[PDB]
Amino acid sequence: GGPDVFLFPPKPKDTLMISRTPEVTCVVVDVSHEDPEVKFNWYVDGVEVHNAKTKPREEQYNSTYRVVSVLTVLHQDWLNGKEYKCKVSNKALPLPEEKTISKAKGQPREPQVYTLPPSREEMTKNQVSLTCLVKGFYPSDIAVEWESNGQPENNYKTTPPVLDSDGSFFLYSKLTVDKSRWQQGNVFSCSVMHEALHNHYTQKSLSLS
């Protein structure tokens, strides 16, 4: 003992696509083997909200409870900086334990997206790297994926975002393809999601030149 509260954000990309339902999740742990009532109260910017889905408590293998409250936030609200208080009242807590969360703050910056060919040097090999530079973005929440005519591409990795000398973020995502696919003339396209982009999406294509 005693109770600890953790409040978790939605996934970046559930926030970046209107077609998705982003949730903030409120988790309470160390609720006593003994005193098991827990109340949740939830607020958006101060106004109390009554829509959260609270689950029946689950007993952990360490003789302690754990209770969860999911609130669904609106695409517009989250992106618009609204603040989300989860307030947790136990009879084991002398003051309700509270926690607030919102999207990452700071002026939004729209990423520049660049696609880069394989070096003269890589062209020896039986596989090549296609490179997606994404720079000057802010905040760091981002999703990056590759696709080729319709279906997406397996063999890609993306770096975490890195903080740049101007307070902004950059990132590279590397697509690896069979050299035969690149020389054929197959179009490849790096798609980026970020809040600051129009409709939070853009896409840059790269082809054999």
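Start at 1 with the first residue shown and count on from there.
Look at the mean CA B-factor for 67-75 and for 88-96 in the entry; the higher one is 88-96. Of the two stretches examined, 14-22 and 194-202, the record assigns the greater average C-alpha temperature factor to 14-22.
For the set 141, 45, 178, 166, the PDB entry assigns the largest Cα B-factor to 45. Placement of the Cα temperature factor of residue 135 within the chain: lowest third of the modelled residues, per the deposited record.
Looking at the C-alpha B-factors along this chain, the one for residue 157 belongs to the lowest third. Sort the chain's modelled residues by C-alpha temperature factor and residue 33 lands in the highest third, per the entry. Ranked against the other modelled residues of its chain, the C-alpha B-factor of residue 116 as given in the entry falls in the middle third.
The PDB entry assigns residue 39 a C-alpha temperature factor belonging to the middle third of its chain's modelled residues.
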